[PDB]
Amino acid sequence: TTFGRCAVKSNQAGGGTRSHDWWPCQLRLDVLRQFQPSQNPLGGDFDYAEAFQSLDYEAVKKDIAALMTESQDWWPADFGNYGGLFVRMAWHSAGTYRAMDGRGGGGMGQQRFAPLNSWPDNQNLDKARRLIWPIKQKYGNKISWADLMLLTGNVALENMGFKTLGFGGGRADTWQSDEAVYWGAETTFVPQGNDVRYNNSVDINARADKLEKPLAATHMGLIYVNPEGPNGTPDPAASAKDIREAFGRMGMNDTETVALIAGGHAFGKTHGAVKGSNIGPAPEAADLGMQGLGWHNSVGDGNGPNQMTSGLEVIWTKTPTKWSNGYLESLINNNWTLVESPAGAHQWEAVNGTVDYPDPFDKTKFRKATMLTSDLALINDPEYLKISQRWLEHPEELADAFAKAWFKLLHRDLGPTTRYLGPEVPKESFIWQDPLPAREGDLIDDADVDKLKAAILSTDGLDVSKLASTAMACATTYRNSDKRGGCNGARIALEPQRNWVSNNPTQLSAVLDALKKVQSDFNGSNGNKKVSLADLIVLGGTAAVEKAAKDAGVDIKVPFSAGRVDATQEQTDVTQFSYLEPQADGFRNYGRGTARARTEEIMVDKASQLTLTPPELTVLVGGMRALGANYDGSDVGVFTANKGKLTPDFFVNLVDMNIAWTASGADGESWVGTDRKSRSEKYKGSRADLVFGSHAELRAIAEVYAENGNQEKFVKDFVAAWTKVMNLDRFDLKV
């Protein structure tokens, strides 16, 4: 293939054949080397929360609203108002989110980097970002690009007559393309870009509910669905099935989906004035003269009446700069006929309809009503039809649903409400925020923590292995992409996590009963002090790690940060939490991978979501094995004669050349370590164990911890990594 190869082969700056070219199936650590603090121009010590709280937020909003109608000659505003274009920018920034893996969304501002800056569906959003740049120049570090793109759409809706619930800032900027996201395996974009995600099916009605997991778009390079219909076939009934699937994969139900589409398509228009052959390279492929912009259009000045974005030429309402109910009115009251846009694409026009839809530049010109196939979807499915019919007669119910769904869209990947900043954060708490009760009571102090650690360690049924394993099981549900999971809330005690087979539900039950005894004893006796179950789960694992280090000859402070609260079941939605359930866990030697995701690839992926470096992933696995911390208490990977003592025995014995390693099963998941001289079977290992002795960069770390004399360094590094992981969700304190 020519695909993925430049016709000129550079000899500079990484040019040449590379290791991943020769050995493309080998595990890559790239996803654990992103987002490092050197790469950040602002430095590691910059506190975005402090900066945003000092922002003159009201003046930022007034500057945005003034920009909306200050038309720039290099991209003139339709109807004299950029509001629709700015709503699209915000919706596309937020619109990449996938609920199952928690990736995409607006929370990293990734629309400004490859590949999102150059996806076909983001065509001419380079102009939109450029138009808002002067607001970022004025306000500097005190508002992120990530926050600004979404605030701009929020302010746009409010200045076009639609009052929102409010807004929360808090998204710090990122500084490189996030190459950890599986957007798909296709080698083409829309109109192609979907053979792999449909497994070669082309029957568009039958396949619609069979989109490859965890994807949430129907072609590579789209936000959700194809506006001409599935595979460009202008069938509204099949389009509706694609919409249900895609919006479902983004965490939206039918009410939310109709409210978002009918709410957004009140505003603006689509652009399809000239054929695609007039349009130049996307931003990542454009020449230096374009200075970060792309899709240069060679007809006229390439803008104004010649704008070309999607290829469609649809104006939904008679007032595209003002909130209305004209979208549903047109959709339901007109009869529709299939026509072509000027650029050749399929759309729908009203039969015998009024010629009163305004032109964006010529006051003398009007058009008939028009719709996309994906808008006709909403009256060609029974459930969408019933919602649209109700909202035709009750526009106030659409406005309520749209306010709620728009707020959810923009904030779904922001994390707990302790992350949300600014003066207009909505007061209602929503289930998709994974709510927590407010912390109350006088917080436990150092002496209470010392008393609780001793009580925990002296309780029947609690040992170092079980305490450590339970804490980590609770902690590794965290993922940095959408800031969901972690130990705050004590959700391991609730459905679904209490019944996850990867948590060993019978053992977990007995551990949690013992912790609840510690809790009853303490609460029953220490005046104004109560301790949460969440702090006891974390404190028990922390106490176990401290004890295991002492038992290994090292006196170390293992620091504990108190103040977690306990969630209720009503704040813990089963569907949302089911997305956090692991299929394999390398920290606790659970499960295994599949053909397209090997055991060790799942481990690296999870480490990236925990923000771990390669040294931190390595040290954690080796210490969990030394602690005997497997999910089922097995000996797999437990390469030590001192289980429960925090030593680097795992690494020492893994690298010992007197042990030969051979496959025991057929499927490559189980390994036996045999003493070469005696021929006795000494050890059993998994792929998560043996990858550390196979991958050249991971093995180099294994060797550090296997070196004579490094027992103390091993202990210090394990404790640092343990503390980092236990605290990932502590946004009430600071990250």
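Note that residue numbering begins at 1 and tracks the sequence as displayed. Only the largest set of C-alpha atoms that superpose within 1.5 Å between the two forms is called the rigid core.
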Open item on the list: Root mean square C-alpha distance from this form after a core fit in 4 other deposited structures of this protein: higher for 363-371 or for 388-396?
Closed with: 363-371
TODO: Compare 343-351 with 151-159 and report which one shows the larger root mean square C-alpha deviation from this form in 4 other deposited structures of this protein once the rigid core is superposed.
DONE: 343-351
TODO: Return whichever of 89-97 and 644-652 has the greater mean Cα B factor according to the PDB record.
DONE: 644-652
Open item on the list: So, looking at the entry's B-factor column for Cα atoms, which has the higher mean, 114-122 or 393-401?
Closed with: 393-401
Task: Most elevated Cα B-factor in the entry, residues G276, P614, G107, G622 - done: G276
Task: Among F35, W671, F692, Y705 - the residue whose C-alpha B-factor is largest in the record - done: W671
TODO: Please rank the C-alpha B-factors of the chain's modelled residues and tell me whether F522 sits in the lowest, middle or highest third.
DONE: highest
TODO: Sorting the chain's modelled residues by C-alpha B-factor, tell me whether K9 ends up in the lowest, middle or highest third.
DONE: highest
- [ ] Would you check the entry's CA temperature factor for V31 and let me know if it's in the chain's lowest, middle or highest third?
- [x] lowest
Task: Within-chain third of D359 by Cα B-factor, per the entry - done: highest
Open item on the list: By the recorded C-alpha temperature factor, relative to the other modelled residues in its chain, which third is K684 in?
Closed with: highest
